[PDB]
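Encoded as structure tokens, the following chain is the form deposited in one PDB entry, with no partner shown.
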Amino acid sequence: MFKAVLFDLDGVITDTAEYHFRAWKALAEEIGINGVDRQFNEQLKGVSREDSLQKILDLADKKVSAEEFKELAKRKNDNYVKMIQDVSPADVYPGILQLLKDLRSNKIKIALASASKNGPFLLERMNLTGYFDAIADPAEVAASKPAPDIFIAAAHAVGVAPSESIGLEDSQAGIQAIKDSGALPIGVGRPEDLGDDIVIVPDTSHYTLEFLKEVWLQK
């Protein structure tokens, strides 16, 4: 049976995308740029902070100095850190707390494999820290998803090989990272988005220990 579960944060345990979006929208409003809405925000997902800011600036064909670019980028982050102060256990996705409990009671290791620079803060605000055996530090990892490095790091940190593990992800890049680490992916969302070759559940309430076991036995 699998020995560990490697969780992404955004789209699996909670929604951080909301708070990035709010941070960019508030930034854009502050400097008088219109059009940073939830649809436009699709162009900012999975994209570097530099690239995102550049796209926002283009909406008003606004030009900045290097010093101003740096300040705006810092301001987005300040915005983000302010907006996540509101996170609480009420923000945990359905099924996830029960899944963590059941994993822990079955002595299955639990690790976070997230690019979030605020992972430990977020898990603490959601009162989940006690379930996690490790959090992979994205600062100590060389390449982002779809590279497998973060999932490898998360497995190793709990003393397992990725091939002994299940990875939970909602994104294409994350699923590919899990695949290339050697872990078994189980996606959450739509096969239209994530592919027909993996097991996908429509929402996180379907991530139960019983279901993970059945998927493992059937792989």
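Residues carry their position along the shown sequence, with the first being 1.
- Looking at 117-125 and 141-149 together, the entry lists the larger mean B-factor for 141-149, computed on C-alpha atoms.
- The stretch 195-203 shows the higher mean C-alpha B-factor when 195-203 is compared against 15-23 in the entry.
- Per the PDB entry, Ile33 shows the highest C-alpha temperature factor of the residues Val158, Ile33, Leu184, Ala177.
- In this PDB entry, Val188 carries a Cα temperature factor that places it within the middle third of its chain's modelled residues.
- Per the deposited record, the Cα B-factor of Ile166 falls in the lowest third when ranked against the other modelled residues of its chain.
- Among the modelled residues of its chain, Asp133 has a C-alpha B-factor that falls in the lowest third, as given in the PDB entry.
- In the PDB entry, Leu217 places in the highest third of its chain by CA B-factor.
- Per the deposited record, the Cα B-factor of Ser105 falls in the highest third when ranked against the other modelled residues of its chain.
One more form of this protein, deposited in another entry, exists but is not displayed; see below.
- For the motion between this form and the one not shown, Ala111 lies in the other rigid part from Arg75.
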